[PDB]
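Remarks on the structure that follows.
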Amino acid sequence: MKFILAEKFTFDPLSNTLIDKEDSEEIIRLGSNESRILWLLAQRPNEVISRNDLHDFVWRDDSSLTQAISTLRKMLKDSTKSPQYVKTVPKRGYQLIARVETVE
Amino acid sequence: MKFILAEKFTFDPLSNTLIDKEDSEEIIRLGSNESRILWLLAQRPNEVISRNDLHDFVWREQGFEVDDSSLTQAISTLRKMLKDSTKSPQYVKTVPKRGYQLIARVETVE
Amino acid sequence: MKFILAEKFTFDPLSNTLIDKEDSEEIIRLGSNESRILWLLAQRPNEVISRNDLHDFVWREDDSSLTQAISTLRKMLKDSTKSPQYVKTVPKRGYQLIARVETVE
Amino acid sequence: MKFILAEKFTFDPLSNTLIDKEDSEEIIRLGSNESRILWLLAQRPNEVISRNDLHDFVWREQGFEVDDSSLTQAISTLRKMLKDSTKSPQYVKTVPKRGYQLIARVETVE
DNA sequence: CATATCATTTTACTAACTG
DNA sequence: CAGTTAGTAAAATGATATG
Ligand SMILES: [N+]
Ligand SMILES: [N+]
């Protein structure tokens, strides 16, 4: 499956890649951790996903989630101050607030 | 579920956001506490909701333990975000010994 | 002894009175508590005076009685709580008279 | 007495105030913690002052008990009030594991 | 006494630094 | 990068102000 995020990125969680519409010939290569976080977020779009859920989907020391979110925001060129993709929900987890569409 | 408050704010408790028709481009970012207070008030529009009911819905139901005064501080922050005058409220009225009351018009979208 | 506060008020702690130069014919009459608070602040100009000192100069050896008297005094001085010109609050330490203070006579 | 910092701010630690010569009418009001940090930094200008020294001067000597994190939060607020860039500081420099350092020019008035 | 606002402290999440 | 240290945002709480 692929996802369209905020009318901008095509995300393929199986190949761990992002493609920016504005730079269609450049493959953005996600680390496995960041790809799995974005996939779980996209599977439950606009839902707040607990740090526990995100954590358990990647690993079996909760600082690793925070760093993986920072890297993902960088690859998405998302602002921490003013997020357009991944929003932090203090004491609750993270929330994918971009428009999310599935293709194929 | 979305709410329209006083014919002015679009409230989304699932995103903790307020959009003011004056500046439809600027999102207003609500903290979870203020959003959950506004949500309970909007679910019971124009009813006086006890401090106890608000404390349980906002904090206890989330597994959070806080003193009573957290509600007062959060009400104060919420009024500031709504630019509601404490002396002459258009949105959130205090009823001493009884709680708080959303007196703005409330409509549900979905 | 009289004090001149911020080039504006003449303060007589002995008669518990304030006179505003902009309204020189009106006597502002202070309650004894507020007058003693102002007097002690004026005796230690621009010093932070502890809540304990202010309280003890007025009342017997609550606490909100000091807070209420400061509020009353700021109203008589037409002082802004948000932007003080006369009596400034020093959180966890007390209050501080920041107006220029002069003794006359 | 007072301090002139970086040829820009007049700092009075007895009044917890900053005056920016660019807006000589606008007093910048410092909290007591931020003012006591700046005061100790200015007493030892361009020296690296340990977190312990700062913690003792700002809180312990005043009779206040706080965690170490209070100093970091207070430094952050102080830099905001000075409009100091954390990435490229003009006023307060962090020296990891050693403390903080006032690198602005410091003069004593009177 | 109850509530409101401001300040301080602490916690939650984020970024920088060094073997 | 790994864990330690520091920075910023948010929450909780304490202090002071008002009704
Ligand atoms: N006492
Ligand atoms: N502080």
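Every chain is numbered from 1, with letters handed out A, B, ... down the list of sequences.
- For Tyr91(B) and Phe9(B), the ring centers sit closer than 6.0 Å to each other.
- Here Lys75(C) lies out of heavy-atom contact (under 4.0 Å) with every strand.
- The nucleotide whose nearest atom lies closest to any side-chain atom of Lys82(C) is, among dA2(E), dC6(E), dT9(E), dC6(E).
- Note on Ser76(D): a side-chain N or O is less than 4.0 Å away from OP1 or OP2 of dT8(F).
- Atom CE of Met81(B) is separated from atom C1' of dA4(E) by 18 Å (rounded to the nearest Å).
- In this structure, CG of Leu54(B) is placed 12 Å from P of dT3(E), rounded to the nearest angstrom.
- Taking 4.5 Å as the limit, every side-chain heavy atom of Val100(A) sits out of range of all side-chain heavy atoms of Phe11(A).
- Using modelled atom types, one finds a donor on one side chain and an acceptor on the other under 3.5 Å when comparing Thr94(B) with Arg79(B).
- Using a distance-only test at 3.5 Å, with no hydrogens or angles considered, no donor-acceptor pair links the side chain of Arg105(D) to the main chain of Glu7(D).
- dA12(E) atom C1' lies 11 Å from atom CZ of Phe64(B), rounded to whole Å.
- Between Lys97(D) and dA6(F) there is no side-chain N or O to OP1 or OP2 distance below 4.0 Å.
- A close approach under 4.0 Å does occur between a side-chain nitrogen or oxygen of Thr81(C) and OP1 or OP2 of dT18(F).
- Under 3.5 Å, the side chain of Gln73(D) and the base of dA9(F) form at least one donor-acceptor pair of N or O atoms.
- Whole-Å rounding puts the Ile75(B) CD1 to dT3(E) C1' distance at 11 Å.
- Sequence order on DNA chain E of the closest nucleotides to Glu65(D) and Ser63(A) puts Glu65(D) first from the 5' end.
- At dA15(F), none of the side-chain N or O atoms of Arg51(C) fall inside 4.0 Å of OP1 or OP2 (strictly under the cut-off).
- Atom-to-atom, CG of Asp62(C) to P of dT16(F) comes out at 14 Å; the value is rounded to the nearest Å.
- For the OP1/OP2 pair of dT9(E) and a distance below 4.0 Å, the side-chain nitrogens and oxygens of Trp59(D) include at least one atom meeting the criterion.
- Closest to the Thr66(A) side chain, of the nucleotides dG7(F), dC13(E), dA7(E), is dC13(E).
- Within the cation-pi definition used here (under 6.0 Å to the ring centroid, within 45° of the axis), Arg51(A) does not qualify as a partner of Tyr94(A).
- Set against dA12(F), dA9(F), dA11(F), the side chain of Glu34(B) has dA11(F) as its closest nucleotide.
- Atom CD1 in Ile37(B) sits roughly 11 Å away from atom P in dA12(F) (whole-Å rounding).
- For the pair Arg98(D) and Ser69(B), nearest-nucleotide mapping onto DNA chain F gives the more 5' position to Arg98(D).
- Residue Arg29(B) is out of contact with every strand shown, counting any heavy-atom pair closer than 4.0 Å.
- Residue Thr88(A) is classed as a sugar-phosphate contact, given heavy-atom separations below 4.0 Å to backbone atoms only.
- Listed nucleotides: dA15(E), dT14(E), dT3(E). Nearest to the side chain of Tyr94(A): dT14(E).
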